[PDB]
Amino acid sequence: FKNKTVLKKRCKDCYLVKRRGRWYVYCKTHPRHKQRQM
Amino acid sequence: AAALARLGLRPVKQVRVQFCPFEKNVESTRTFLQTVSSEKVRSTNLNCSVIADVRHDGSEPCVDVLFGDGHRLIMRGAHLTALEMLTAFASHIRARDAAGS
Amino acid sequence: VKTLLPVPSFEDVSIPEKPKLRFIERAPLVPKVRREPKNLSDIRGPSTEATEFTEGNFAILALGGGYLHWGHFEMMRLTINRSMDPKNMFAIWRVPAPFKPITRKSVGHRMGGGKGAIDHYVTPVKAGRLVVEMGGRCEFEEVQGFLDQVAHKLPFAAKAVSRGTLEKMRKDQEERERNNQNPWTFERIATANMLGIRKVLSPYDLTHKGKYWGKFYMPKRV
Amino acid sequence: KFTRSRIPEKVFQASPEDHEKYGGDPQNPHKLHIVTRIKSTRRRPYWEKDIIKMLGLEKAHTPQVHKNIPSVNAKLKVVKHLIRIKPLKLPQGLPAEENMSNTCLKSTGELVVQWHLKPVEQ
Amino acid sequence: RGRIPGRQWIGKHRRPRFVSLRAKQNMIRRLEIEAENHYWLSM
Amino acid sequence: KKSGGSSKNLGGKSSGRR
Amino acid sequence: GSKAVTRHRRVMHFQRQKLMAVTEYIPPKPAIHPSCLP
Amino acid sequence: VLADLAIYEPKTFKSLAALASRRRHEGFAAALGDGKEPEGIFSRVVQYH
Amino acid sequence: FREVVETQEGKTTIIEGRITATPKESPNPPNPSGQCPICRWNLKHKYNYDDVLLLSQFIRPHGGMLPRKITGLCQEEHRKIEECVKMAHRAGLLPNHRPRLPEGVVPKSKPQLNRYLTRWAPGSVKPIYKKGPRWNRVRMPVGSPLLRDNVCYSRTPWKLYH
RNA sequence: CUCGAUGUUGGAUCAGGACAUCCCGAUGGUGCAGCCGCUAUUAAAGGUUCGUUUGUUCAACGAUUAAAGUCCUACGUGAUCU
Ligand code: FES
Ligand SMILES: [K+]
Ligand SMILES: [K+]
Ligand SMILES: [K+]
Ligand SMILES: [K+]
Ligand SMILES: [Mg+2]
Ligand SMILES: [Mg+2]
Ligand SMILES: [Mg+2]
Ligand SMILES: [Mg+2]
Ligand SMILES: [Mg+2]
Ligand SMILES: [Mg+2]
Ligand SMILES: [Mg+2]
Ligand SMILES: [Mg+2]
Ligand SMILES: [Mg+2]
Ligand SMILES: [Zn+2]
């Protein structure tokens, strides 16, 4: 998880989900793509 | 076919799709045939027969699945969607496979 | 039967011999000796030069006033020359090279003792001016990507535009002024000095009409 | 710099829609204004202070009558933001020597020549 | 916390003032009076 | 406290001619 | 004081703030939302 | 006087409250109408001259 | 509506579908020209989170929203009802539309806090530990901005931030 | 602001607070096999050494430590000391 002001999907397997009041990027194929809205 | 190809047809022994194409309630069952008759799904297990039985009796469409364990799944598609039948079919594959192993 | 549509043809378009952006020098050819006043009104208000397309079809529009130093020109040049197709694209400068001298006093010194020495040069830009103009055998979606990337790095509010989006932008502003349901507008009040309001306004507000504040431009103001 | 303000002449050209809204007659202009100061001269330039005095408007909320003529209007325009201008209406005509002492200026701008302080029998 | 640098209502950094609904209505009320003044000064 | 420079512009102090 | 052109957005005189507030664009509102009609 | 009436003449004050309430309801009826309705009985103003 | 029944007898499962009774829209809508159920009955701007008789017609048996393509609502009204349903659940106004619980699951006892006009999900909101100055106060949202155009019978407009 | 005086470095004594965390806790990512690391989220309850030279704050060096944190407090503290 890296904090990001602008969330961007980095591959086709990234999906945007809003959890605990903020947006996240989750990716099972490449966990390094995981992002947290700052 | 992509979602059903991931799971495979390993525990399945036969799949028989019966419908009367001149009737008005066969579209879901014909869509089920399109998905399971795909080369991707069929290539997951070459010992599983996929049979299409066309009829003109006026009977309601049926999908009869025989698993290797000996259990049967009968999905009557007159009032089922192709997605529902494929979801149920996937669920029983996920179960019968565990029982055998 | 998915319906296909015709495609525009750019065969009639010509490409210059040097499509890339030329190099901009830090300082003018001959260095200036006479030191100049700050003259902040060169970035204040609407632009009256380089507001229309000349050769190309696409550009970066300035939505505010500012000064372009040499560091900005290098960012524009390299970013554009790298992202463009020399065969089917071409770009030109719509702003002159830095000519306005900016003095600085040596660090640590007190107020007074005359004026500082010329440090660097800048190019003043007003709101509504085209900074770079592109064209060639290309659509807007092709250049808009890296043009907006450049526009974001400018010291003022900027945005990539085309002959169409610029025209629509201007006609949309005129439409808002006509159908405005508010019976009170900044212009009417200011020009008639209603409420004695000119005691808190500027002489320039008679022409800017509340759309401009310092170097900032407010497009939502009618 | 803050200076006196030149008002464009177009500001004082009434449109047909204005005549409907306010009810004036362009062909029969009113003769006299009713002018009342409703704003302070504090925090206003001295030239505005000076004109308020000339018009006899030093005391707020005190109606003064003035001639509706270009010269007077020129002064009124300088301080238009400090005052309220209404037309003097004469529903029973001008006061005469007999009724000089029985007049009252109503809030509607009508100067009546009889003031009985009685209810209307009608 | 939440201090305003220097004096509140002067200088570079100031306490922000906001326009209330009644401040707007007050201004519009005087705009209507002046608009009518314009009319009666036109004839 | 660094020592500063000086202005090199002299004269120019005439009053208005009226 | 600050100059007429500043790097930050200069604070306005309160009377000017009110002027801006009172002269904001008001869009024409239709009686019936156009999406609610054939 | 209104404060004095509330303390020492509560029946007169209730009548005044009723009168105000009646005039308030007449206002609403008038505002809702399109001019067809005649003026309310308590809304009529006595004119002086 | 359509029900799906799974009947397992011996080694053979049978999946079927039956058509049950379907409710019909009340006859003679007051605004036949209306383009969605809301404006066909002149209900636009005239319903709130507590109008469960209205809201309950557009939700699934377990409390979930129904698709806009099925109900026929417009995007604007569909979003208003969606937010209103979330507030109705959180206020406890839909006690017979609770989530489906798998066999053997009994929720633990949780503290009961009565609430209404709840915009956010309780677990996703942090305490306001620093309120900030009067001129930059952190506010507690109440209600939904989607309902800002609802008919207001008072002279004060709806306060959406407390 | 204070010159009809608001005592000026470092140290001693006692420490209050911030977290932009040095150690200890909980997590995501890794060019994370493991052992060690790097990076980010969360965490301020508790802890954060002794010495040689130098007035020193620092710095270098010796020996340790789970770690020898960054800062604010009139560069905290002289009607408590030096
Ligand atoms: S179309 Fe009328 S409210 Fe949706
Ligand atoms: K920028
Ligand atoms: K200040
Ligand atoms: K002193
Ligand atoms: K020593
Ligand atoms: Mg202060
Ligand atoms: Mg001279
Ligand atoms: Mg002189
Ligand atoms: Mg100045
Ligand atoms: Mg003293
Ligand atoms: Mg401590
Ligand atoms: Mg932290
Ligand atoms: Mg100290
Ligand atoms: Mg002391
Ligand atoms: Zn990814």
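Hydrogens, waters and symmetry mates are skipped; everything else that's a heavy atom, side chains included, is used. In what follows, every chain begins at residue 1, and chains take the letters A, B, ... in the order their sequences are listed.
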Practice task
Nearest whole angstrom, please: distance from the P of J/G29 to the NZ of A/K4.
Solution key: 16 Å
Completion exercise
Taking for A/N3 and for A/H30 the nucleotide of RNA chain J with the nearest heavy atom, the one nearer the 5' end belongs to A/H30
Completion exercise
J/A33: by the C1'-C2'-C3'-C4' sign convention (positive north, negative south), the sugar is north
Exercise for the section: Find the distance between CE (G/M20) and CD (G/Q15) and round it off to the nearest 0.5 Å. Expected result: 14.5 Å
Fill in the blank from the handout: To the nearest angstrom, the CZ-P distance between E/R1 and J/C19 comes to 11 Å
Exercise for the section: Classify the sugar of J/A63 as north or south, using the sign of the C1'-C2'-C3'-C4' torsion: positive means north, negative means south. Expected result: north
Problem - Euclidean distance for P, J/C19 against J/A66 (whole angstrom) - result: 29 Å
Fill in the blank from the handout: When rounded to whole Å, the NZ to P distance for the pair A/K2 and J/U42 reads 14 Å
Practice task
Tell me which residues in residues 6-15 of chain A put a heavy atom below 4.0 Å from RNA chain J, sorted by number, or none.
Solution key: none
Practice task
For adjacent nucleotides J/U9 and J/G10, indicate whether their bases are stacked under the rule of ring centres within 5.5 Å (strictly under) and plane angle under 30°.
Solution key: yes
Completion exercise
If pairing means Watson-Crick or G-U wobble with both distances under 3.5 Å, then the partner of J/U6 is none
Practice task
Would you mind calling the pucker of J/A60 north or south from its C1'-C2'-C3'-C4' torsion?
Solution key: north
Practice task
Take atom P in J/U21 and the same atom in J/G69, then report the distance between them in whole Å.
Solution key: 16 Å
Practice task
Rounded to the nearest angstrom, tell me the gap between atom NZ in A/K28 and atom P in J/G29.
Solution key: 13 Å
Practice task
Step through it carefully: locate the ring centre of A/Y26, locate the ring centre of A/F1, and say whether they are under 6.0 Å apart.
Solution key: yes
Problem - Two-distance pair test J/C50 J/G62, Watson-Crick or wobble, each under 3.5 Å - result: yes
Problem - Anti/syn call for J/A20, syn if |chi| within 90° - result: syn
Exercise for the section: Grab the OH-P distance between A/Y24 and J/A40 for me, whole Å please. Expected result: 18 Å
Exercise for the section: Please indicate the pucker of J/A59, north or south, going by the torsion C1'-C2'-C3'-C4'. Expected result: north
Handout entry: Interatomic distance at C1', J/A12 relative to J/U41, whole Å
Key = 42 Å
Handout entry: Span that lies between the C1' atom of J/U57 and that of J/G11, in whole angstrom
Key = 11 Å
Completion exercise
Nearest-nucleotide check on RNA chain J, I/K130 vs A/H33; residue mapping nearer the 5' end is I/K130
Practice task
Positive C1'-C2'-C3'-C4' means north, negative means south, so call it for the sugar of J/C19.
Solution key: south
Practice task
Inspect the six-membered rings of J/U21 and J/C22 and say whether their centres lie under 5.5 Å apart and their planes under 30° apart.
Solution key: no
Problem - Chi-based syn or anti call at J/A43, which uses purine or pyrimidine torsion atoms and a 90° bound - result: anti
Practice task
Establish, for the pair I/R119 and I/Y161, whether the NZ or CZ atom is under 6.0 angstrom from the six-membered ring centre and no further than 45 degrees off its axis.
Solution key: yes
Exercise for the section: Can you establish whether the number of heavy atoms outside F/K1 located under 6.0 Å from its atom NZ is more than 12? Expected result: no
Completion exercise
When both distances are under 3.5 Å in a Watson-Crick or G-U wobble arrangement, the nucleotide paired with J/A43 is none
Exercise for the section: Please confirm whether neighbouring nucleotides J/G31 and J/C32 meet the stacking test: six-membered ring centres under 5.5 angstrom apart, planes under 30 degrees. Expected result: no
Practice task
Can you tell me, in whole Å, how much space there is between the P of J/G16 and that of J/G46?
Solution key: 9 Å
Handout entry: Verify stacking: J/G4 then J/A5, 5.5 Å distance, 30° angle limits
Key = no
Completion exercise
chi for J/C24 classified (syn = within 90 degrees of 0, anti otherwise) as syn
Exercise for the section: Step through the shown structure and confirm whether more than 12 heavy atoms of other residues, nucleotides or ligands are within 6.0 Å of OH on A/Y15. Expected result: yes
Contacts table for residues 103-111 of chain C: side-chain donor-acceptor under 3.5 angstrom, sequence neighbours left out:
{"unit_1": "C/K105", "atom_1": "NZ", "unit_2": "C/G112", "atom_2": "O", "d": "2.9"}
{"unit_1": "C/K105", "atom_1": "NZ", "unit_2": "C/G114", "atom_2": "O", "d": "3.3"}
{"unit_1": "C/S106", "atom_1": "OG", "unit_2": "C/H109", "atom_2": "ND1", "d": "2.6"}
{"unit_1": "C/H109", "atom_1": "ND1", "unit_2": "C/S106", "atom_2": "O", "d": "2.9"}
{"unit_1": "C/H109", "atom_1": "ND1", "unit_2": "C/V107", "atom_2": "O", "d": "3.2"}
{"unit_1": "C/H109", "atom_1": "NE2", "unit_2": "F/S3", "atom_2": "O", "d": "3.1"}

Problem - Nearest-Å distance for atom pair NZ/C1', residues A/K34 and J/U27 - result: 9 Å
Practice task
Validate the cation-pi geometry between B/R94 and B/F89: distance from NZ or CZ to the six-membered ring centre under 6.0 Å, angle to the ring axis within 45°.
Solution key: no
Problem - A/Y26 OH to J/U41 P, straight-line distance once rounded to whole Å - result: 16 Å
Exercise for the section: Please step through side chain to side chain contact (heavy atoms under 4.5 Å, CB included) for the pair C/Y212 and C/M218, ending with a clear verdict. Expected result: CA-CA 6 Å; C/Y212 295 88; C/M218 305 152 189; over 6 Å; no
Practice task
Please give the nucleotide sitting opposite J/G69 as a Watson-Crick or G-U wobble pair, both distances under 3.5 Å, or none.
Solution key: J/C19
Problem - Identity of whatever pairs with J/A74 - Watson-Crick or G-U, under 3.5 angstrom - result: none
Handout entry: NZ or CZ of D/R44 within 45° of D/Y46 ring axis and under 6.0 Å
Key = no
Practice task
Using Watson-Crick or G-U wobble geometry with both distances below 3.5 Å, tell me the partner of J/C24, or none.
Solution key: none
Exercise for the section: Rounded to whole angstrom, note down the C1' distance from J/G51 over to J/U64. Expected result: 11 Å
Problem - Cation over ring face, I/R90 and I/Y116, 6.0 Å, 45° - result: no
Practice task
Take the protein atom CZ of A/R36 and the nucleotide atom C1' of J/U41, then report the distance between them rounded to whole Å.
Solution key: 4 Å
Problem - Adjacent-base stacking, J/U48/J/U49, criteria 5.5 angstrom and 30 degrees - result: no
Exercise for the section: Would you state whether a donor and an acceptor, one from the side chain of A/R32 and one from the base of J/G28, lie under 3.5 Å apart? Expected result: no
Handout entry: Any strand: nucleotide that pairs with J/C32 via Watson-Crick or wobble, under 3.5 Å
Key = none
Practice task
Using the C1' atoms only, state how far J/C22 lies from J/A44, rounded to an integer number of Å.
Solution key: 13 Å
Problem - E/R14 NZ/CZ over E/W9 ring centroid, <6.0 Å and within 45° of normal - result: no
Practice task
Rounded to whole angstrom, note down the P distance from J/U9 over to J/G4.
Solution key: 22 Å
